[PDB]
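1. the data below comprise the sequence and an experimental structure of the protein.
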Amino acid sequence: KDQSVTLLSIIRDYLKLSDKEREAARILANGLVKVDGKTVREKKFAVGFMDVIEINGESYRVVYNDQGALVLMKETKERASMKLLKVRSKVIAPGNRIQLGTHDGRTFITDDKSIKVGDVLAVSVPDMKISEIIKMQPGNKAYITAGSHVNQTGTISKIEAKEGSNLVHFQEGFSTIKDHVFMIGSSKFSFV
């Protein structure tokens with residue numbers, strides 16, 4: 001499935017559920033839509049997993065359904081002030097000058113060489129402050145973003161890595177490739 005969709009499409013899909021899709025374009029146009037706490041009126045603006053979408057003062061989270069498509073779910077005001085960003089890419093230069101590229105296209109610059117692709121940053125939406133790192137490692141909990149176990153959660157039991165052509169295993173009795181595993185909880189912090 002598409003890993004990003006237009007802001008207009010995801011709002012229209014949601015509004016379909018109450019037979020109000022006809023108003024999607026007017027609601028967007030009225031400056032009544034925010035993404036990650038910033039007003040957006042551009043219908044072509046792409047949104048993806050974990051984005052916080054506000055429609056008319058009400059908060060929603062972009063998540064996946066059991067078919068793997070991006071959809072909105074109702075979110076509490078309290079949780080809406082937070083977002084998890086998966087580290088999707090790194091550029092490592094000399095002297096621990098490290099660019100972290102997150103799954104929503106943001107970049108942060110760190111000198112912590114311990115942060116790996118697959119680790120997750122818990123950030124505050126009102127100001128982008130990073131508050132926690134959720135490590136991709138055994139004993140931590142994840143949500144599955146693609147493949148056959150999409151929209152399931154589990155606690156990692158073991159991780160296997162090789163060079164050339166892998167797998168994260170879960171206590172719950174399944175495994176997937178790392179690409180599909182999105183960290184959401186540790187002992188000290190949980191999205192849930």
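-> Looks like it arrived, so ask away. Numbering: from 1, shown residues only.

2. tally of neighbours for the residue nearest to residue 154 when sequence neighbours are not counted?
-> Nearest non-adjacent residue to residue 154, counting by Cβ to Cβ, 6 or more residues apart in numbering: residue 170, 3.3 Å away. For the C-beta atoms, the positions are set from N, CA and C on the backbone; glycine is no exception. Under the neighbour criterion other Cβ atoms under 10 Å, residue 170 is assigned a count of 21.

3. checking residue 25 next. Helix, strand or coil?
-> helix (DSSP: H, G, I helix; E, B strand; the rest coil).

4. so what's the backbone phi/psi at the closest residue to residue 118 other than its chain neighbours?
-> Nearest residue to residue 118, sequence neighbours excluded (Cβ to Cβ, 6+ apart): residue 136, at 3.8 Å. Comment: the main-chain dihedrals of residue 136 come out as phi -80, psi 100, following degrees, to the nearest 10.

5. on that earlier part again, isn't the residue nearest to residue 154 up against residue 159?
-> No: at 10.3 Å, residue 170 and residue 159 do not qualify as touching, with contact defined as Cβ atoms under 8 Å.

6. hmm, back to that, the residue nearest to residue 118: how many residues sit nearby?
-> As a burial measure, the neighbour count of residue 136 was computed by other Cβ under 10 Å and equals 21.

7. from residue 95, how far off is it?
-> Residue 136 is 25 Å from residue 95, where distance means Cβ to Cβ, to the nearest Å.

8. in this protein, which spans are helices?
-> For the chain, the helices identified by DSSP state H occupy 7-16, 24-29, in order along the chain.

9. OK, contacts around the residue most central in space within the chain?
-> Per Cα atoms, centre = their mean, the C-alpha nearest to the average position across the chain is that of residue 50, at 3.3 Å. Shown here is residue 50, whose contacts under the criterion Cβ atoms under 8 Å, 6 or more residues apart in numbering are 61, 62, 63, 83, 84, 85, 103, 104.

10. check the gap between residue 12 and residue 58 for me.
-> Counting by Cβ to Cβ, the gap from residue 12 to residue 58 is 16 Å.

11. compare the two (neighbour count), which wins?
-> Of the pair residue 12 and residue 58, residue 12 is the one with more neighbours under other Cβ under 10 Å, namely 19 against 12.

12. surely the more buried one is in contact with residue 22?
-> No: Residue 12 sits out of contact with residue 22 when judged by Cβ under 8 Å, with a separation of 9.2 Å.
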